[PDB]
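> Turn this into a structure:
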Amino acid sequence: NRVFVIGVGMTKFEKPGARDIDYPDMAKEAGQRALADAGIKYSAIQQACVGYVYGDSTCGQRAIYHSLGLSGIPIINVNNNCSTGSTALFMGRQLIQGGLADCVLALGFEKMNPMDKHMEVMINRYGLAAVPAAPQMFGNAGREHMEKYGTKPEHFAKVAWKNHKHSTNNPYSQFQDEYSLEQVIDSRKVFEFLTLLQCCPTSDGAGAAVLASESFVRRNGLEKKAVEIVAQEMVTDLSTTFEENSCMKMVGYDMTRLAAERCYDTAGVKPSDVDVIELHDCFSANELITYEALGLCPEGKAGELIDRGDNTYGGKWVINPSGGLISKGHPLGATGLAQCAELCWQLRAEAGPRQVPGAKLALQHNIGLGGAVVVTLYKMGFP
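Numbering: from 1, shown residues only. Find the structure here:
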């Protein structure tokens, strides 16, 4: 059963506390935008998949009833206790592909040892969207990459530089200013080579997408905006031995690798066919290694990809035309849906000053709560 994204919407992603509204109004802004984009009645929504991290188990329902009105539809919380976190989009896709609904709303929102203690305080005071282990794990993985392949600390700063430069054209991004490479390098130290401008900040915001079956799209004449999910794969923790483990593997390198390989196989495409990417750059180090995990270049060649400008406009792949988590900030529940919104706009040729000319195949890379990796390929459903 083919599955399509037929409307998308988001709020601006803002510094926590910059905007004086509660999570239900954020959800309403994103949700109502997505429904208006889709051009459908609210009653067409048969289930809602809702992604958020903080608050109790009723926040999903509270957000949906405020956005759509009260109904008896199922409201599924993506983040449960006794399973690894999914994503709103992966779950919505599952409901459609398995025949449990013809049309669904995916919605996400968020409203905010000596070294672990030190990182905990730093994350709080610098407003980073990270758990205390994360900067250390991603720094270790980047250092490991430098040791094996000769990547330079400036390559990681260049990735971050590139994300901030893209952000200048995204009005939904918390940060929309270009910093110099020198400013990236000189910003406050977080861990090792990682500096503040290489780490994703917290943002408050919401995102939403309407997902629909092939028959729903045909029945309602919605072919024009229908972006097809041509492949989507999730990989949860891979269990390995002491001898095979590495810092790169510990932050999900092989999970991304396998998820993407399986997408490529399903869709019958290769990395070189992808035109535009939105990936999970929680740290610059995760983006750099993810270039190789996705198969964009051979192992150890990310520094060359970076120095050629093959991650930006005029290069082979335009990566994070949004500015990335690094510029947008990371409202935990909403991040994946914002990536989706941008890639759908790119493929629909509605991305304005960020438009990748002639984009036809888009790749999303996202991480769930708990660390599961989701890779998704999109193309226009009926070009």
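> Assess the claim that residue 9 and residue 36 are in contact.
Yes. Judged on CB atoms under 8 Å, residue 9 makes contact with residue 36 at a distance of 7.5 Å. Every C-beta, even on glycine, is put in place using the N, C-alpha and C of the backbone.
> what sits against the residue nearest to the spatial centre of the chain?
Centroid check for the chain by CA atoms, centre = their mean gives residue 336 as the closest residue, at 3.8 Å. Residue 336 sits next to 51, 87-89, 108, 207, 364, 366, 374 when contact means CB atoms under 8 Å, 6 or more residues apart in numbering.
> neighbour count winner among residue 9 and residue 36?
residue 9 (23 against 11; other CB atoms under 10 Å).
> excluding its backbone neighbours, what's nearest the more buried one?
Of all residues not flanking residue 9 in the chain, residue 33 sits nearest, at 2.7 Å (CB to CB, 6 or more residues apart in numbering).
> hmm, back to that, and the residue nearest to the centre of the chain, how close does it get to residue 12?
17 Å (CB to CB, to the nearest Å).
> all helices of this protein, in order?
23-38, 59-68, 88-97, 114-126, 134-149, 153-167, 181-186, 214-220, 247-250, 253-267, 284-293, 302-307, 324-328, 335-347 (DSSP state H).
> Including distance to residue 240, could these go into JSON lines?
Below are the helices of the chain laid out as JSON lines (distance: least, CB to CB, whole Å):
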{"stretch": "helix 23-38", "distance to residue 240": "38"}
{"stretch": "helix 59-68", "distance to residue 240": "35"}
{"stretch": "helix 88-97", "distance to residue 240": "24"}
{"stretch": "helix 114-126", "distance to residue 240": "24"}
{"stretch": "helix 134-149", "distance to residue 240": "15"}
{"stretch": "helix 153-167", "distance to residue 240": "25"}
{"stretch": "helix 181-186", "distance to residue 240": "34"}
{"stretch": "helix 214-220", "distance to residue 240": "39"}
{"stretch": "helix 247-250", "distance to residue 240": "7"}
{"stretch": "helix 253-267", "distance to residue 240": "8"}
{"stretch": "helix 284-293", "distance to residue 240": "15"}
{"stretch": "helix 302-307", "distance to residue 240": "23"}
{"stretch": "helix 324-328", "distance to residue 240": "27"}
{"stretch": "helix 335-347", "distance to residue 240": "26"}
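> okay, these, which one's buried deepest?
The highest average neighbour count among these, using mean count of other CB atoms under 10 Å, belongs to helix 324-328 at a mean of 31.
> now the end-to-end length of stretch 265-278.
Start and end residues of stretch 265-278 are separated by 20 Å (CA to CA, to the nearest Å).
> Now do the buried residues in that stretch.
Using 16 or more other CB atoms under 10 Å as the test for burial, stretch 265-278 gives 267, 269, 271, 274-278.
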